[PDB]
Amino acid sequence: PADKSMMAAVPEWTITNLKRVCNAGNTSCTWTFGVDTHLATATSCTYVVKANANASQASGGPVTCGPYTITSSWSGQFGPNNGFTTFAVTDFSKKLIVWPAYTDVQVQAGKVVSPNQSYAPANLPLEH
């Protein structure tokens, strides 16, 4: 059969008010953001990543926020100036997943990312 688009026929999920707050020693980074699917009222998420060092680079999760299972990994593959975090936000019940990705520059000041960034959910053919 034809190539299968994995993009769901749903509105893009908007990640709202995304901010990273890391403690003094960068052993705990707290990500706060909303998942706004528009089809439902937005889910507010507190996503804490801990590590012995460089929590801002550490892989995090799985953390459950509302219907979502959230992980995150950081990549310096393009150099430390071009480091970026990729969240994996999965609604298990809907079998939908998005990958919000934020460069360190966007989040380094601990200031909100604006505008809010929206991503097209992909189907993930999990088997219930």
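Start at 1 with the first residue shown and count on from there.
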Got a sec? Mean C-alpha B-factor, which is higher, 21-29 or 115-123?
-> 21-29
Quick one: which of 79, 60, 100, 34 shows the highest Cα temperature factor in the PDB entry?
-> 79
Comparing residue 96 with the other modelled residues of its chain, is its CA B-factor in the lowest, middle or highest third?
-> lowest
So where's residue 85 on the chain's Cα temperature factor ranking, which third?
-> lowest
Third of the chain, ranked by Cα B-factor, where residue 107 sits = middle
Could you say whether, by C-alpha temperature factor, residue 71 belongs to the lowest, middle or highest third of its chain?
-> lowest
